[PDB]
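Residue numbering restarts at 1 for every chain, and letters A, B, ... go by the order of the sequence lines. Excluded from the calculations below are hydrogen atoms, water molecules and symmetry mates; all remaining heavy atoms, backbone and side chain alike, are included.
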Amino acid sequence: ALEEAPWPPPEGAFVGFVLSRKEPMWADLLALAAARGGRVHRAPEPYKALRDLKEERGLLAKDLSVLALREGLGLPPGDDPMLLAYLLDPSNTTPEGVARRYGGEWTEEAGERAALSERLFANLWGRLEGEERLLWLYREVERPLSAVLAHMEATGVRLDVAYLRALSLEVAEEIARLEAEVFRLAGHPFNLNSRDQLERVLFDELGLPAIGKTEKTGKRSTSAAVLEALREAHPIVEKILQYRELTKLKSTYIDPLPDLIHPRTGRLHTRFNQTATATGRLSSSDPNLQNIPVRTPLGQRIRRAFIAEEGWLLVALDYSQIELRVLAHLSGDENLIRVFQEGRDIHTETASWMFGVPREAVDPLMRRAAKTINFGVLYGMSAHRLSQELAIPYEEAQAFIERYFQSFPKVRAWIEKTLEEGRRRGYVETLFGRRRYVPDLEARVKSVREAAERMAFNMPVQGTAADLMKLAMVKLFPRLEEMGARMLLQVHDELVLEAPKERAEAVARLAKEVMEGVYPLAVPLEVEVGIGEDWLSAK
DNA sequence: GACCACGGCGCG
DNA sequence: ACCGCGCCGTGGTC
Ligand SMILES: Nc1nc2c(ncn2[C@H]2CC[C@@H](COP(=O)(O)OP(=O)(O)OP(=O)(O)O)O2)c(=O)[nH]1
Ligand SMILES: [Mg+2]
Ligand SMILES: [Mg+2]
């Protein structure tokens, strides 16, 4: 039923392509084809063939669009059945699965991929018939967003290589003094990177009490949390905690990053995965630039490596207390809506409490602590873990949790109602109707069920914030194009932009406004904005 | 080499 | 009994 026609495909045909590797910015275009009508076209020269296309329609349209941009073209991404499946069920995350579930087999040949893209789109599209809300999200948010993401990926971000190179040599020396001392206290050397070897040393060789176990294998956990609880039991503990921090940092960022600079761009090119999350957020991959350090002194030295091009400035915008604002609007709780209507900051008020100091003295590292407290309690962390976290009696943590919800009566009300419709309907949804299926809401094992419930009621909050950031990006992007400013990174409720110094100021004001006005809620959405030569100073 | 399950831990 | 991610060594295949 499928015929083979000469390269030149009509228009509106679905593309099919094969890369040497999964990273669009580094891949080699091994093959390019197209499917339309009932015919399939294979281009003898892919790189040559790109120029022919006016749009990228089909499985993973964005990635090919990113490669096209890398080659100087301007092939923008269009329809993509992955986006439709993902909207149908966010568990639809890979072509292999989407293909197996909606009508085909994901292979390694571009003709078959072009053919697959067309039929998949037809099937998935039909099943979105009647889903006005999911269609609204398709055409208004996702499809356009892919274009935004493609440009972000090909643009990349600049990095201070020589800076990280010298940092490595420094931290290496500190790592040395650390392992060296750990070994002395243990009375002998061993692979400190080995959790199993460390386990034996701490729990068998030394007689430190075990605090928790690991999940799948039930071993005695050597986790940071376990170690913090053991800091005073032996002088070796602190040392290990510091060894842990530095090695994590050097092995994950300080060393790998400088080797990831692209030859032709001199910049770092992360990928932005559009269908990799259950709640609707994005994920950053291969270089994951959504998890660059910032919470510790060494972490900050590292963030400092992200810099703007000479003559430019980075501009970072981040929604203030995003999820608490989203929650006030979902639950409709008046005591909470007032909190924002009155300009209050809950992370500040919590951290002020925690550390017995006036708001005025709360620093960033104290606030971050307040966040895991605030977000922890809301999303159901037990008094036991909380007591540990706040370093206070068990009943004091029990009381903290009692007051929190008593303070915002409609939150619990909203939770229970979200959970109930979740059971009946099989899924929960976001403000815009992004849905997530949670079948285990009716598991008969309390353990499994209550865990599904937590996943379930967090989705609407975290998912709504995600929709908001995505819509904001769709609206902001064209405006930035016009101002000659570029959009570099999205970090969940944060955007990192690069703007010519003459225009940094104007860009900062435009972005802030677009972001705060994205979609008016029962509470205003404030955006803290910063500008600097690097990502750290930016915030 | 290339890929994995785990335990861990970076960020949101 | 916080939620959502991806990446890095170990210890182990194949
Ligand atoms: N459950 C949970 N959600 C979190 C946690 N950290 C962040 N989030 C969610 C809620 C906020 C959202 C974005 O994170 P940010 O670091 O931007 O924090 P934020 O809450 O927006 O606040 P802010 O603007 O004051 O920094 O991600 C956490 O530890 N637990
Ligand atoms: Mg924020
Ligand atoms: Mg943020």
With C1'-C2'-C3'-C4' as the criterion (positive north, negative south), name the sugar pucker of [N].
N: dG6(C); answer: south
N: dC8(C); answer: south
N: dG10(B); answer: north

Does [X] place a side-chain N or O at less than 4.0 Å from the phosphate oxygens OP1/OP2 of [N]?
X: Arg220(A); N: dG7(B); answer: no
X: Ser223(A); N: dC9(B); answer: yes
X: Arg385(A); N: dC2(C); answer: yes
X: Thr252(A); N: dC7(C); answer: no
X: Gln197(A); N: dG11(C); answer: yes
X: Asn288(A); N: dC7(C); answer: no

Mind calculating the distance between [atom1] ([X]) and [atom2] ([N]) to the nearest angstrom?
X: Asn191(A); N: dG12(C); atom1: CG; atom2: P; answer: 13 Å
X: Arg281(A); N: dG6(C); atom1: CZ; atom2: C1'; answer: 13 Å
X: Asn291(A); N: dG6(C); atom1: CG; atom2: P; answer: 10 Å
X: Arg244(A); N: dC8(C); atom1: CZ; atom2: P; answer: 17 Å
X: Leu298(A); N: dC11(B); atom1: CG; atom2: P; answer: 11 Å
X: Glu179(A); N: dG9(C); atom1: CD; atom2: P; answer: 14 Å
X: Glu494(A); N: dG4(C); atom1: CD; atom2: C1'; answer: 16 Å
X: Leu268(A); N: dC7(C); atom1: CG; atom2: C1'; answer: 15 Å

Proximal nucleotide (of [options]) relative to the [X] side chain:
X: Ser194(A); options: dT10(C), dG4(C), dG7(B); answer: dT10(C)
X: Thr217(A); options: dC5(C), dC6(B), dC3(C); answer: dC6(B)
X: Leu249(A); options: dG8(B), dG10(B), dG4(C); answer: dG10(B)
X: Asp286(A); options: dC8(C), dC2(C), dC7(C); answer: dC7(C)
X: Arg303(A); options: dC11(B), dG6(C), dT10(C); answer: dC11(B)
X: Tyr253(A); options: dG10(B), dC7(C), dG9(C); answer: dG10(B)
X: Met455(A); options: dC3(C), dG6(C), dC8(C); answer: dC3(C)
X: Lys216(A); options: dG11(C), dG7(B), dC7(C); answer: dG7(B)
X: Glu450(A); options: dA1(C), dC8(C), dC11(B); answer: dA1(C)
X: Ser382(A); options: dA1(C), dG11(C), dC8(C); answer: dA1(C)

For residues [X] and [Y], is any side-chain donor paired with an opposing acceptor at under 3.5 Å?
X: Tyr163(A); Y: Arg304(A); value: yes
X: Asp28(A); Y: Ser20(A); value: no
X: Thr107(A); Y: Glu105(A); value: no

For [X], which contact category applies under a 4.0 Å heavy-atom criterion: base, sugar-phosphate, or nothing?
X: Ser447(A); value: nothing
X: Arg454(A); value: base
X: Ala466(A); value: nothing
X: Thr247(A); value: nothing
X: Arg449(A); value: nothing
X: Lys248(A); value: base

Are the aromatic ring centres of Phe375(A) and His347(A) under 6.0 angstrom apart?
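Under 6.0 Å, so yes.
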Quick test of your reading of the model: are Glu181(A) and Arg177(A) salt-bridged, counting only N-O distances below 4.0 Å?
no
Is there a side-chain hydrogen bond (donor to acceptor under 3.5 Å, both in side chains) between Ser194(A) and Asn191(A)? Walk through the geometry before answering.
CA-CA 5 Å; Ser194(A) 179; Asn191(A) 185 337; 5.3 Å; no
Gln462(A) (side chain) and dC3(C) (base): donor-acceptor pair under 3.5 Å
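Side chain to base: pair present.
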For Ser284(A) and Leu289(A), indicate whether the former's side chain and the latter's backbone hold a donor-acceptor pair under 3.5 Å.
yes
Which pair of non-hydrogen atoms, one from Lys250(A) and one from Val171(A), has the smallest distance, and what is that distance?
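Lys250(A) and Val171(A) have their closest heavy atoms at CD-CG2, 3.6 Å.
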Of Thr279(A) and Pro287(A), the one whose closest nucleotide on DNA chain C sits nearer the 5' end is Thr279(A)
